[PDB]
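Working notes, beginning with the structure itself.
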Ligand SMILES: Nc1ncnc2c1ncn2[C@@H]1O[C@H](COP(=O)(O)OP(=O)(O)O)[C@@H](O)[C@H]1O
Ligand SMILES: Nc1ncnc2c1ncn2[C@@H]1O[C@H](COP(=O)(O)OP(=O)(O)O)[C@@H](O)[C@H]1O
Ligand SMILES: [Mg+2]
Ligand SMILES: [Mg+2]
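Residue numbers (full-length UniProt numbering), protein chains in the order written: chain A, 1 to 237; chain B, 1 to 237.
Following this line, the structure appears as structure tokens:
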């Protein structure tokens, strides 16, 4: 029962519309794919639906698990309603295994194990290439307080506990993932954006087949065929 | 470690080979589909793998739940090892909802509910069209004793309890299914044969989409695409 109103913002993957309710937003997932800081792009038919549906499922699982988030309800195969927040410009990354950009940064082979989950912070500024930030840099930038950063790390690790187990029970290894959080008018914080194969590195527990955006980044095959596997492992739409 | 030996029997869906172990059989699932008492047939690439993998998963779930069965271990994407039994010539059917042949028999629309699961016995004799049998007919034929029939009913309902729930947790409605049981040398009975979309009627809980052999019977689309959904809902191979 909102209704989609004027467009407020259009990013690389989704369109953000305002609704008749001031603190409710209408999110539309596009059938667009991007990689390598936007250097690689393409239209992927059906991608928006897959990510909207998967994101819906994962946020609902988080809600059931007691993890605060902005997801309100799914609206269509490609759209969903969420709580409006003012995003803290940080990409909060959790890595359970060494892979992707981290593997490249330290020169280690993907799959290298970690003693415990690693939390990394990246500046959400595409013009700057979303550079890695030391926590001290966050305070220099005044992006968040020391207590907020500590809370974000705790929140991200809580998300990891829930999702890592959820995926493992479904024969999927949650290698790493990226989260975004936002502030409410009263200063409260809620997990926001998206949680999908675009934002999570997922390997099949048996074959180690890649079922995430790496499929597009490295041209490993059909991106939607891979994402469909995840959707069904999660129980379907 | 048994090794595949001579072919003992080839049915309409699988090939049964003997192994170096007298009480162990080697089952190979074929890429063939049949319907309407063998009146409709076709080769379906990949079907054998899907049924072998799904059957493996379901028998393993049954084993975990404490339900005795002949499944030993999966051998390849299309083959599996099982305990040899002498099959009781009965197709034990459990129906949770009215559909398929039952809907046709009583002239009711598919989907009509039942107060409790219904157990039906069919004579496993394709030359006779696998006719429905009253329990009294079973005794006339001397196929099984009254105590065995009672035990088979209990066993089938126990399988329904476990599988109905397992599928429901994965957004799949187990509409009905057919089982086969066999006797060991000492008179013990084990659930045998197969448990797959070929032998189970499965509807998606949300869309009621048919994800079983009805897809082939009624030409509703790709049979393997439908079966793949079930495989992934169950956690993948
Ligand atoms: N609940 C929310 N309230 C306000 N902004 C949000 C919320 N969740 C996500 N966003 C923002 O909406 C955008 C999502 O689109 P994309 O993810 O397509 O944008 P980018 O392309 O990330 O800017 C991001 O800028 C993200 O920070
Ligand atoms: N564990 C088992 N031991 C011996 N026979 C079995 C066992 N499980 C199934 N069978 C039989 O093997 C055959 C399976 O192939 P299909 O299912 O292709 O045969 P039909 O085509 O049903 O005879 C059936 O006749 C079935 O009754
Ligand atoms: Mg984004
Ligand atoms: Mg058979």
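All residues carry an ideal CB built from backbone N, CA and C; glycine is no exception.
Give me the Cα-Cα distance between residue i and residue j, rounded to the nearest whole angstrom.
i: residue 111(B); j: residue 103(B); result: 9 angstroms
i: residue 93(A); j: residue 159(A); result: 11 angstroms
i: residue 150(A); j: residue 133(A); result: 14 angstroms
i: residue 115(B); j: residue 65(B); result: 25 angstroms
i: residue 43(B); j: residue 138(B); result: 35 angstroms
i: residue 173(A); j: residue 237(B); result: 15 angstroms
i: residue 19(B); j: residue 211(B); result: 34 angstroms
i: residue 209(B); j: residue 35(A); result: 35 angstroms
i: residue 9(A); j: residue 230(A); result: 28 angstroms
i: residue 2(B); j: residue 70(B); result: 15 angstroms
i: residue 12(B); j: residue 198(B); result: 12 angstroms
i: residue 232(A); j: residue 168(A); result: 14 angstroms
i: residue 157(B); j: residue 39(B); result: 31 angstroms
i: residue 16(A); j: residue 193(A); result: 11 angstroms
i: residue 30(B); j: residue 113(A); result: 40 angstroms
i: residue 218(B); j: residue 97(B); result: 19 angstroms
i: residue 22(A); j: residue 117(B); result: 50 angstroms
i: residue 101(A); j: residue 5(A); result: 38 angstroms
i: residue 203(A); j: residue 213(A); result: 11 angstroms
i: residue 33(B); j: residue 106(B); result: 27 angstroms
i: residue 148(B); j: residue 207(B); result: 39 angstroms
i: residue 140(A); j: residue 127(A); result: 19 angstroms
i: residue 228(A); j: residue 200(A); result: 14 angstroms
i: residue 142(A); j: residue 179(A); result: 19 angstroms
i: residue 68(B); j: residue 63(A); result: 38 angstroms
i: residue 154(A); j: residue 155(B); result: 48 angstroms
i: residue 135(B); j: residue 7(B); result: 34 angstroms
i: residue 59(A); j: residue 59(B); result: 32 angstroms
Are the C-beta of residue i and some C-beta of chain B separated by less than 8 angstroms?
i: residue 80(A); result: no
i: residue 73(A); result: no
i: residue 46(A); result: no
i: residue 183(A); result: no
i: residue 246(A); result: Here chain A has residues from 1 to 237 only, and residue 246(A) is not among them.
i: residue 186(A); result: no
Compute the beta-carbon to beta-carbon distance between residue i and residue j, rounded to the nearest angstrom, for a pair I have assumed lies under 8 angstroms.
i: residue 55(A); j: residue 196(A); result: 5 angstroms
i: residue 28(B); j: residue 78(B); result: 6 angstroms
i: residue 181(A); j: residue 165(A); result: Not confirmed; about 21 angstroms, so no contact.
i: residue 162(B); j: residue 61(B); result: 7 angstroms
i: residue 57(A); j: residue 234(A); result: 5 angstroms
i: residue 120(B); j: residue 95(B); result: 7 angstroms
i: residue 176(B); j: residue 99(B); result: 6 angstroms
Give a yes or no on whether 8 angstroms exceeds the smallest Cβ distance from residue i to chain A.
i: residue 171(B); result: yes
i: residue 229(B); result: yes
i: residue 64(B); result: no
i: residue 164(B); result: no
i: residue 100(B); result: no
i: residue 232(B); result: yes
i: residue 53(B); result: no
i: residue 110(B); result: no
i: residue 236(B); result: yes
i: residue 206(B); result: yes
Who are the near neighbours of residue i in its chain, counting only those whose CB is closer than 7 angstroms to its CB and skipping five residues on each side?
i: residue 183(A); result: 85, 86, 88 and 189
i: residue 130(B); result: 91, 122, 123 and 124
i: residue 14(A); result: 27, 28, 29 and 30
What does a CB cutoff of less than 8 angstroms around residue i pick up in its chain, not counting 5 residues either side in sequence?
i: residue 144(B); result: 88, 90, 138 and 152
i: residue 72(A); result: 24, 80, 81, 82 and 83
i: residue 224(B); result: 44, 45, 46, 47 and 50
i: residue 53(B); result: 74, 77, 231 and 237
Residues in the same chain with beta-carbon distance under 6 angstroms from residue i, minus the five sequence neighbours each way, listed in chain order, please.
i: residue 226(B); result: 211 and 215
i: residue 171(A); result: 205
i: residue 108(A); result: 98
i: residue 41(A); result: 34
i: residue 37(A); result: 129
Exercise. Please specify which runs of the beta strand (DSSP E), each continuous and at least 3 residues long, are wholly inside the region 89-174 of chain B, giving them in chain order.
Key: Runs of the beta strand (DSSP E) inside the region 89-174 of chain B: 90-97 and 113-123.
Quiz item: Which runs of the beta strand (DSSP E), 3 residues or longer, sit entirely within the region 29-92 of chain B?
Solution: Runs found: 32-35, 40-43, 71-74 and 79-83.
Quiz item: What residue ranges within the region 182-207 of chain B form continuous beta strand (DSSP E) runs of no fewer than 3 residues, ordered along the chain?
Solution: Within the region 182-207 of chain B, the complete beta strand (DSSP E) runs of at least 3 residues are 189-192 and 200-204.
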